[PDB]
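Participant: In the first instance, please consider these chains from the complex; the rest will follow:
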Amino acid sequence: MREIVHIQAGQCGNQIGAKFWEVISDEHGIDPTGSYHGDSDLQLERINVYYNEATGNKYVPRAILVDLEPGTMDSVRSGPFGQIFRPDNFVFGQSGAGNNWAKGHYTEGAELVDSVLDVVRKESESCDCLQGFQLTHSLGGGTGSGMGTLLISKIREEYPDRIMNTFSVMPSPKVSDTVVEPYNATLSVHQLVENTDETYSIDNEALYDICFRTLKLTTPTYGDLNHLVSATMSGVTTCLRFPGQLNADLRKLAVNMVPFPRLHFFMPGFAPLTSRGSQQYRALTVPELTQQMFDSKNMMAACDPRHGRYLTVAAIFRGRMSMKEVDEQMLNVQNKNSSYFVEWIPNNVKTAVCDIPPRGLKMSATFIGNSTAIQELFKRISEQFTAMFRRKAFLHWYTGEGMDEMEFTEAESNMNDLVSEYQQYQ
């Protein structure tokens, strides 16, 4: 029943997916050993969406862990929930990609794509009614951006009709940790736009901005950014794992949220968000959730929505609430801020409400937005690419892998085409 098959690519992808697995195992009440320990039967009916039923009433997640290094596999298996995973889905090479997209897409990951495909196919045939694939990866470096796009293309080729949603942490200028990120991002979005039905753009800088300027953490580590990602990870698929008054699965979002086929790079967000010493004082009412939700500080990318127009926004609320105030805020936001939403398309909001709130939360709101302002990251990536493209650096480490100049040129042309379409409707 609407089974969803998860794939992890790169160290970023597999660690954030592992923490997502931890979060939704707590939501479904799954013991670290894999046994069920939840309180209500509501956690139990839609276990088949993320986990496989096995002997002993223990449940194994439908995740395929893919990497080119064994060290990340070693860390994840030794992590808090390493034991719950399938030993077979730990499919990995030995030599790393070295943050080389060409390595992952032609040499290093091409040999392991056969060993990942035979696992993803068995996972899919284990499903009763497959709905799609949620894939976690990073546009930075050559592992997540490199092999991730290749296997995404393969699964899209053999699964043409299933939903393809990807959550992509993507490079940024001021919190860049690797020199050669823009090549990787340009060569990755080239395949992401053509193949993926859904892509969530996540930028690390805005995660940092959330954890300082909203969460007031003095030392928010990398796991806290993983937590911020996993919150929306769990939120976007809430409707098809739990009952709610307005059920909106992934394709419910899709039919409402992407006006033209290529305009599918979106803006995630989550509410509520407070510091430790300020949650005691906050009124968690739904209107306040809304005023927090469309704030430019709550978002997870540097693209400020005030520099563009929203095409479609998705607000999947959660908890035991009525909904007239839901409609009134969703119309007030787009009425008083009608200059920030495309007036030519009147009702830019898709509303979904779930009946069971997250554990420890009385209510929650998950933000998904289509703004023309998201081109801020794309054109900046293209500009940084040009600053390292126009007269030939670093290309020997790609062309040595069989990579060629004209494909880089087409990738840049496609970035320019994308930013053109997203500026067209602004």
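Facilitator: Now that the structure is in, tell me what you want to look at. Numbering: from 1, shown residues only, chains lettered A, B, ... in the order given.
Participant: contacting residues around stretch A:412-419?
Facilitator: The contact list for stretch A:412-419 (C-beta atoms under 8 Å, 6 or more residues apart in numbering) reads A:186, A:189-190, A:193, A:262, A:375, A:378-379, A:381-382, A:385-386, A:389. From N, CA and C alone the C-beta is placed, and that goes for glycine too.
Participant: what kind of secondary structure is the spatially most central residue of chain A in?
Facilitator: Centroid-nearest residue in chain A, with C-alpha atoms, centre = their mean: residue A:167, separated by 1.9 Å. Under DSSP: H, G, I helix; E, B strand; the rest coil, residue A:167 falls in the strand class.
Participant: That one: what's its closest spatial neighbour, skipping adjacent residues?
Facilitator: Take residue A:167 and drop its neighbours on the chain: the residue closest to it by C-beta to C-beta, 6 or more residues apart in numbering is residue A:200, 4.5 Å away.
Participant: Give me the sheet partners of the helix or strand containing the one you found and which way each runs.
Facilitator: Using DSSP states H and E, the element containing residue A:200 is strand A:198-203. Looking at strand A:198-203 with DSSP bridges, its partner strands are strand A:163-170 (parallel), strand A:265-271 (parallel).
Participant: need the ones you listed in TSV with distance to residue A:218, can you?
Facilitator: Below are these laid out as TSV (distance: least, C-beta to C-beta, whole Å):
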stretch	distance to residue A:218
strand A:163-170	23
strand A:265-271	21
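Participant: if I look at the nearest residue to residue A:232 once chain neighbours are set aside, how far off is residue A:367?
Facilitator: Nearest residue to residue A:232 in three dimensions, chain neighbours excluded: residue A:268, at 4.3 Å (C-beta to C-beta, 6+ apart). The gap separating residue A:268 from residue A:367 is 7 Å, by C-beta to C-beta, to the nearest Å.
Participant: where do the contact lists of these two overlap?
Facilitator: A:232, A:299.
Participant: Contact partners for the residue nearest to residue A:167?
Facilitator: A:165, A:166, A:167, A:168, A:232, A:236, A:265, A:266, A:268, A:368.
Participant: slot chain B in:
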Amino acid sequence: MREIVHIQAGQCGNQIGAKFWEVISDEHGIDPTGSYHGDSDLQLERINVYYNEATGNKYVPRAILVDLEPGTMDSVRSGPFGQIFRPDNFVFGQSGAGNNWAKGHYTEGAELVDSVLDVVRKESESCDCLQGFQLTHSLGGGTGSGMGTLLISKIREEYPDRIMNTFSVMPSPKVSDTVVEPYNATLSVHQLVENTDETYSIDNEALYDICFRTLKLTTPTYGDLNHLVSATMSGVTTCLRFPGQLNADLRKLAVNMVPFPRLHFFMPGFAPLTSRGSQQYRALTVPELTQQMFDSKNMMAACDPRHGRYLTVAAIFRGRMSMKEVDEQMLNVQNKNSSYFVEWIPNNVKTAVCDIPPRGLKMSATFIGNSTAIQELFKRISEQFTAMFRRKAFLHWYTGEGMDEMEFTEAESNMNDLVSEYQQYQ
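Facilitator: Below is chain B, added to the chains above:
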């Protein structure tokens, strides 16, 4: 319901506003932690006027604390009621204004005005029906006089219709603690007259005169002056937080109290006032409250009303009293002292009575007066300005901030214009 949004500017402003918050938290029975502890439900209906309802039935005041130094924020948060305030409204810089009006109005406070506006706007949208803004600041120095006028101008610009009442402690010759006060006062009243609908003039010298010659305190500290200010602070807004026979909110006062738009700098006062060893002997009857109320010793500025004529006086009484004696004293005062009240406007008094007296008091009277004698402080400030204007001292510390001579000239011209209008009707 007639929500009122408070802003603190300068160390003077934020400490006197903090003690006002303490006083009215005791009046409303609010625990230091923010929980409700009052005795009657009368303290509870109009909590929305000053405080925001939050989870746990605790209440956070609608105050925005603004300063250019963190030391005052440190003192106020560590004060008796520091914990009840919002951590977000502590908006502050690091480098102080150095008692420089130009610094606060152009360089130091201009960068923080964006961080104060996003807080005041969220506080206002949190209100059900905003009535106005009560702002506390000091005309002395460059923080309260400097940034206070700038943000007052901004909020007046974006809130053109709401009531603007400010309580301003203002410089004085004999109890002056800073050399450069007159520049600050002249550059502040320039904006106060043009923007504010209401300004209460408070002079420190008359507070000292009250605490010695009426209260008989041997060592009345600065907090006692803060207390004397906060008494009228609470009194002026009594009618819209509690029931009374004659309800007179801020705009009720306004429509009765300022005959021409620019004649809005007023004379606060409060009764009863006794020493510790003399309250045991005093008869607190309303006529005695009146005879104390219009005394030149009860007022909080050096401007002796016998040197001018009252335009309008506001007597907001409080307590379980009848009112025929109220009318008879309010007519006897203006009849036997008709030479001190403009005969050309016959009934100079606005009468308001509240049903619940202050805690520990059987009755109380709050004095608000429009006298032409208030020009005593204005013309003296102008004269002291001229003694440091006519041949160029201290201007390098303003002109170094982008400040210019001709604006000083216009400020002095506007002080002269004001004193001209207030002498015109004397």
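Participant: Next SSE downstream of the strand holding residue A:200?
Facilitator: Per DSSP H and E, the first helix or strand lying C-terminal to strand A:198-203 is helix A:204-213.
Participant: contacts for that following helix?
Facilitator: For helix A:204-213, contacts defined as C-beta atoms under 8 Å, 6 or more residues apart in numbering or on different chains pick out A:169, A:172, A:174-175, A:217, A:220, A:224-225, A:228-229, A:273, A:297-302.
Participant: Give the buried residues for it.
Facilitator: Going by neighbour count (16 or more other C-beta atoms under 10 Å in any protein chain shown), the buried part of helix A:204-213 is A:204, A:205, A:206, A:207, A:208, A:209, A:210, A:211.
Participant: gap between it and the chain center?
Facilitator: 16 Å (C-alpha atoms, centre = their mean, to the nearest Å).
Participant: Could you list the alpha-carbon positions for that helix in PDB?
Facilitator: The C-alpha coordinates for helix A:204-213 follow below in PDB (Å, rounded to 0.1, in the frame of the first residue of the first chain):
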ATOM      1  CA  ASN A 204      23.500  24.500   4.500                       C
ATOM      2  CA  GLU A 205      23.800  28.300   5.100                       C
ATOM      3  CA  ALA A 206      20.100  28.700   5.800                       C
ATOM      4  CA  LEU A 207      20.200  25.600   8.100                       C
ATOM      5  CA  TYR A 208      23.000  27.500  10.000                       C
ATOM      6  CA  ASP A 209      20.800  30.600   9.900                       C
ATOM      7  CA  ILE A 210      17.900  28.600  11.400                       C
ATOM      8  CA  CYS A 211      20.000  27.100  14.200                       C
ATOM      9  CA  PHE A 212      21.500  30.400  15.200                       C
ATOM     10  CA  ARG A 213      18.900  33.100  14.600                       C
END
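Participant: Could you name the helices and strands sitting against the helix or strand just after it?
Facilitator: Note on helix A:204-213: by DSSP H and E, the next helix or strand toward the C-terminus is helix A:222-236. On a contact count with 3 or more C-beta pairs under 8 Å, 6 or more residues apart in numbering or on different chains; DSSP states H and E, helix A:222-236 meets helix A:10-27, strand A:163-170, strand A:198-203, helix A:204-213, strand A:265-271, strand A:310-319, strand A:363-371.
Participant: can you add chain C next? sequence is:
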Amino acid sequence: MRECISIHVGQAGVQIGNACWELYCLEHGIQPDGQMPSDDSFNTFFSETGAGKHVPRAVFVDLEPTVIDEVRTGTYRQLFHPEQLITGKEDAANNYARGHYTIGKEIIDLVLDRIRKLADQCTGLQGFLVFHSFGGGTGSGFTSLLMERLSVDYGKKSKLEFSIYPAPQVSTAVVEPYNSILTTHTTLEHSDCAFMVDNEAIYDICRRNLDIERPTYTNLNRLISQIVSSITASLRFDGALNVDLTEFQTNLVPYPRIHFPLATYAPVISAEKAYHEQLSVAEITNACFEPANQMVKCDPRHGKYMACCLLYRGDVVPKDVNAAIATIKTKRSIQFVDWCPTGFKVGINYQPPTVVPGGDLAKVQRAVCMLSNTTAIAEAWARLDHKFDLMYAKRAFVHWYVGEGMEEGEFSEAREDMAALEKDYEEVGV
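Facilitator: Time to bring in chain C:
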């Protein structure tokens, strides 16, 4: 049959309503919950439902909630229909301007809606009893907006006006004459008979007659309620000479614009004082014409009487009424205009006055309601016109009225209208 819709505007109107209904529930024997423990004497003022509940036909309109939601907390919170008592969001600021154009505009449409839903059960609606204050912002502006639409939707129905009028000396606000002058167009054009109430005169009444040194406005209210109930006495109870509300106002009014009579009540007397007097019909008849008993600080001996109406109630014989009025016409100090050598209209009712248990008024077997028009009352406006000049001569507070959408010349039409009224009440005295 014989229903009357009572309107209550402003703080003064709503609180005088709170006192009036306090008197009505006692005199007709209804609990504060609306029930009848155990004639259709209540049909004039109260509506009846199937469960045996008495629902008043009254509207409390205040542009500010404090007094009315105080009524929502008082002992009469359940007596009234909760959404027939209408509250605004912004107070009237003692300003006719906003109350007549700005803030009452959004709320008046609901007020007339509730008036219609009060009219549609009245099978024999007799008239309207609207209460307010001249000096108040609500009682001026909202009433001015409301009688305008009532005069076109209920033009045939009589509209009695019970208004509270400023004192020559006692005042609570400086803007009171401003609010009072723009009310004058409403009473002249959209009122059928106005009753003016002065606080200082009745202050003297309670000081001298009730012997009480320290009454509140509640004591004022617990006698305005008696005056209005006595005016409505004939419509609700049986009497030898019952005066219809139309009969009443036909007897008061000599000309369509001369409809401003004074009011007095007798016997206003304390409980300790009721014992030592027999309190005959003659002395309560003589006490009413005494200038020390007038409700408005004007000397009737300074003026001439046009119409006289003797609204007796209780154990009063009409022969004693004739004997008293013979003495009244005997003295020369009370000189009536050459219009009315017949002088007196007589109305007698069998119900003795009902005493408020917490009131300061004594229990008397007889009570008389005095309503008379006279030319001396123009003095109560002869100080208000000179008063209004004393402010308007600089344009004293007009920037608020100008700032809230009033034409500057509306003051000019206002004092022109009061001058016309003052002249009209002088030529008829010749």
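Participant: Please enumerate the strands of chain C.
Facilitator: Using DSSP state E, the strands of chain C run over residues C:4-9, C:46-48, C:54-56, C:58-62, C:85-87, C:127-133, C:158-165, C:193-198, C:262-266, C:305-314, C:344-349, C:366-374.
Participant: Do the fifth one and chain B come into contact?
Facilitator: No: using C-beta under 8 Å from any C-beta of the partner chain, strand C:85-87 stays clear of chain B, with a minimum separation of 10.1 Å.
Participant: centre of the chain versus that strand, how much separation?
Facilitator: Worked out by C-alpha atoms, centre = their mean, strand C:85-87 lies 21 Å from the chain centre.
Participant: got the contact list for it?
Facilitator: Strand C:85-87 has contacts (C-beta under 8 Å, 6+ apart) with C:14, C:59-62, C:64-65, C:68-69, C:71-72, C:107, C:110-111, C:114.
Participant: now do 6 Å
Facilitator: C:60, C:61, C:65, C:68, C:110, C:111 (C-beta atoms under 6 Å, 6 or more residues apart in numbering or on different chains).
Participant: Check those residues against residue A:410 and report the nearest one.
Facilitator: When the contacts of strand C:85-87 are compared for distance to residue A:410 (C-beta to C-beta), residue C:110 wins out at 67.4 Å.
Participant: Could you give the number of residues near residue C:39?
Facilitator: 7 (other C-beta atoms under 10 Å in any protein chain shown).
Participant: nearest spatial neighbour of residue A:290, skipping sequence neighbours?
Facilitator: Spatial nearest neighbour of residue A:290, excluding adjacent residues (C-beta to C-beta, 6 or more residues apart in numbering or on different chains): residue A:329 at 4.0 Å.
Participant: what helices or strands is the helix or strand that neighbour falls within leaning on?
Facilitator: Per DSSP H and E, residue A:329 falls inside helix A:324-336. Here helix A:324-336 touches helix A:286-293, strand A:349-354, going by 3 or more C-beta pairs under 6 Å, 6 or more residues apart in numbering or on different chains; DSSP states H and E.
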